[PDB]
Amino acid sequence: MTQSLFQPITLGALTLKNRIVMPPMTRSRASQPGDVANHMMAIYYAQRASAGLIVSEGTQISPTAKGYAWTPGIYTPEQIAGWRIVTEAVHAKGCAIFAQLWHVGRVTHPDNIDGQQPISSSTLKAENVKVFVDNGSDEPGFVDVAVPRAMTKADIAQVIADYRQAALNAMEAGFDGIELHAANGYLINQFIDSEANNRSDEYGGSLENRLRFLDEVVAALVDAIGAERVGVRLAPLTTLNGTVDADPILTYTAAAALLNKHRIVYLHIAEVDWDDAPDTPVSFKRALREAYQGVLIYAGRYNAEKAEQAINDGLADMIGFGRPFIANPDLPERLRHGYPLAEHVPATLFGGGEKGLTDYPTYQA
């Protein structure tokens, strides 16, 4: 019935209104040129500010961290200012918002990163994966990803520096914190998962080595803005974007414990990615609950009943609703009352303008 779902919760120095999270969702509406967050995005997020916490769509930390056309960056002064319009709008509505810092690694195409070859833990191409690019028209052009080059020690230092600076930029933009996207097959995930990492140096070769990049990036983020303002997203079992780990229960319980040592403010588990909804054993969820003792968030095909159950069973503290939030700006109100949920239109998820972004109405009987 959602009683627990509508209980407030403390997140670091913040006190959130409820346990509902608007998870990070790329909409590719950033202004061109410059990939700048804008007015329509500010309206879009403000319309959904009844969530307890909003996590922004992935925002690239550098020119070569981008994987899809028209996603907003968080590395130029103008990009920071664009995000400020968004955070000001969201804060005016009374809501906390974290910026999801993104580096896609090999899940991109040269067209999206100034013609550069993508980087990854190794030279392994993500199999059966596509991204989209700008092709002289306002419709996403889907293309196969490219074969990446393996990161050097210098590349690793550079990316850590880019993440660190992006966190400071997020604070300058008025965000309440940042979420490290270490999930859904992107760069950090390309180091964590065994089948995506063939490195022979200290960043591959053992569980400790595979978690090293995550460890170092998180250490830098925490050093920059404080553990209370750092959340991290992981995807233990989904494999849609090409990353598979041989022993995910061990790898991810270890990762959860490692992140717990950093005292990150929340751990966010991406339980489903599109239609990739692998069985996620309750025993595993309970192990994660013991390994990481901060705020635990899950997202992936949840409805009101399942969300309430997960919280009451002690598996999660907050639950994210992605697709439902796209089509229902007043999703919390609808979940609480049991009002029917509008469904989103796939064709307007990416690119375009306000249509399919800010024109989904609030519920009206």
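Just count from 1 along the sequence shown to find any residue number.
- Among the other PDB entries of this protein that were compared and that flank it with modelled residues, residue 136 is left unmodelled in a third or more.
- When the two stretches 92-100 and 141-149 are set side by side, the higher mean Cα temperature factor goes to 141-149.
- Just going by the entry, 198-206 versus 237-245 on mean CA temperature factor gives the higher value to 198-206.
- Remark: of 332, 52, 324, 33, 33 shows the highest value [criterion: C-alpha B-factor in the PDB entry].
- For the set 301, 48, 39, 29, the PDB entry assigns the largest Cα B-factor to 39.
- For residue 308, the recorded CA temperature factor ranks within the middle third of the chain's modelled residues.
- When the modelled residues of the chain are ordered by their C-alpha B factor, residue 286 lands in the middle third.
- The entry lists a Cα temperature factor for residue 77 that places it in the highest third of the chain's modelled residues.
- Remark: residue 132 belongs to the highest third of its chain, ranked by C-alpha B-factor as recorded.
- Sort the chain's modelled residues by C-alpha temperature factor and residue 176 lands in the lowest third, per the entry.
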